[PDB]
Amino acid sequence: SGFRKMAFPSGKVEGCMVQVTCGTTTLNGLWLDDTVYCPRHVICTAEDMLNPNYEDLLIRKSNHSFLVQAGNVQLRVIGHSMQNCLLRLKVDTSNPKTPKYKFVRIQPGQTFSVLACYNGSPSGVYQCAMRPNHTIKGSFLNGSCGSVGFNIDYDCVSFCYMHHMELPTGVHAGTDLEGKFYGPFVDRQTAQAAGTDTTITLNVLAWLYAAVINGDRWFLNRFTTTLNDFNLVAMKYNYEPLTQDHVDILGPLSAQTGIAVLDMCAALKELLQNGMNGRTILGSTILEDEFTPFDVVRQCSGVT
């Protein structure tokens, strides 16, 4: 009858984390097979970071300009190249811990676990979601760049995020494992702002189905709505528009609970218009939007 925000076990990623130093600037990298991935601003100074020109900054570096440390062990760089906003460093040694893995570009609303690291040393793990405005509400200090986000499916680690920067609002920006930013951000410490955020409607709905599956029905009602009438109230309350694709996604959960999706939208509309007036859903006083339909399914298997 309980429901946590749960992270993937982090052991397979812990074995891949390393320290990368260039000058006085240190951050984390990801050691897979004979390659180490890390943010490219490791080659910047304090001065360079306002408006770095990475073309010209990297041509001035050699293999021995990078110092890579896996715990006590020191890795020798034999090669180096830039891929968008990442550096790819080739090392003499192939990481014997390398898990089976994929590089994936995740979509807004999707969730993943973050392994926060400092000086190449894991310090914590937590779950988060790609906001619609392409930031994540993370917990990152200096030293944290190169920390990665990932999902684990079966034996296979799907890396989806590497950490690069914090925006003035306290949220965080980064790239996929090909070094392409999520969002319209760049890895220079100029005046950048997150655009307006929105609540992830599909995820709130999924969470309401979770509440029903764990036995709570108090917010349901006898009304239904059309997609267009629901989206009218969605804009009012800054919720993402609901699409027919989202309705199809919620099919299995709708099948498991016997509550039609647009009936659950009716319920949500009622919750957005009348508040929760002192009551909780799955222990929360607010409408939660960082559980995907897919998270709800793993979390609570049967138990319906």
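Numbering starts at 1 and follows the sequence shown. For clarity, a rigid core is taken as the largest C-alpha set superposing within 1.5 Å between two forms.
Averaged as a root mean square over residues and superposed structures in 8 other deposited structures of this protein, CA distances to the shown form are larger in 45 to 53; the pair compared was 256 to 264 and 45 to 53 with a core fit.
The rigid core fit leaves 134 to 142 as the farther-lying stretch in 8 other deposited structures of this protein, judged by Cα positions and set against 152 to 160 and 134 to 142. Higher mean CA temperature factor between 35 to 43 and 53 to 61: 53 to 61, per the PDB entry.
As the entry records it, the average C-alpha temperature factor is higher for 293 to 301, out of 3 to 11 and 293 to 301. Highest CA B-factor among the listed residues (154, 207, 159, 185): 154. Across 125, 77, 148, 85, the entry's maximum B-factor at the CA atom is seen for 77. Placement of the Cα temperature factor of residue 168 within the chain: middle third of the modelled residues, per the deposited record. The PDB entry assigns residue 91 a C-alpha temperature factor belonging to the highest third of its chain's modelled residues. Per the PDB record, residue ranking by Cα B-factor puts residue 214 in the highest third of the chain. Placement of the Cα temperature factor of residue 277 within the chain: highest third of the modelled residues, per the deposited record. When all modelled residues of the chain are sorted by CA temperature factor, residue 224 is found within the highest third.
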